């Protein structure tokens, strides 16, 4: 029951309800988890906390997000590989082995992107009704949080910590959902969209004086060693209202950084934003 998927990187012909599925996007992984779809292989080295069960010996280990074990993947001979942004460079290597579908998020159209990705999984796996109900559920979350947000304002800055350094994200970025979808006003509308964020001094933060400081601890999930609290909470940042009002919201990097774009991760992300602004 073959179908053809158009995607950012080409057109892939895929068997419906494939037996062996290898997944390199944790958003997809958590989506397939949510829909009760069994996967064969995952990159166990970078599995998020909330997806720890895919460490089990019943799943094949296909390496790291940034370090696919191509030989192992070959030995599995999957019916479908699903990849996203971190593997885009390696699309052709995956595609040589087995039908590969790229599922990225368009940060200019986050929800549309996400919904199309989830509906593609709906088609592939015969989970259209299930996908639809989850999308409608998320829509009701977006709805309620927008309404909270649109009550009294103050502006937010989104930051990421790694190796003592701090970088920023605004609208239309990797974390743009906060501004773009959930109606939280940006402290700076014009932050340059890059993968690991626009580098910034602590003087920029104090200067912008956000009411909310959203923080993503990258080192927690990349190096296994949290450092965000220790980086962020310095002289210049304690000037901030976000500090003085205890509105430094540490976003769970297991969801936000390693994952995202999945039925579980997007609902958790929205819930964390809601808590943060309550």
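Residue numbers count along the first chain shown, from 1.
> Between 24-32 and 237-245, name whichever shows the higher mean Cα B factor according to the PDB entry.
According to the entry, 237-245 carries the higher average C-alpha B-factor.
> Comparing 267-275 with 1-9, which has the greater mean CA B-factor as deposited?
The stretch with the larger average C-alpha B-factor is 1-9.
> Could you tell me which one of 70, 59, 212, 50 shows the highest CA temperature factor in the PDB record?
Highest CA B-factor of the listed options: 212.
> Going by the CA temperature factor in the entry, name the top one among 40, 46, 231, 252.
231 has the highest C-alpha B-factor of those listed.
> Splitting the chain's C-alpha B-factors into thirds, which one does residue 75 fall into?
Answer is lowest: the recorded C-alpha B-factor places it there.
> Relative to the other modelled residues in the chain, which third contains the C-alpha temperature factor of residue 86: lowest, middle or highest?
Tercile = lowest for this residue's CA B-factor.
> Pull the Cα B-factor of residue 102 out of the PDB entry and bin it into the chain's lowest, middle or highest third.
Ranked within chain, residue 102 CA B lands in the lowest tercile.
> Using the temperature factors of the C-alpha atoms in this entry, rank residue 201 within its chain: lowest, middle or highest third.
Its C-alpha B-factor, which the entry lists for residue 201, ranks in the highest third among residues of this chain.
> Going by what the PDB entry lists, where does residue 153 fall on CA B-factor within its chain: lowest, middle or highest third?
Its C-alpha B-factor belongs to the highest third of this chain's values.
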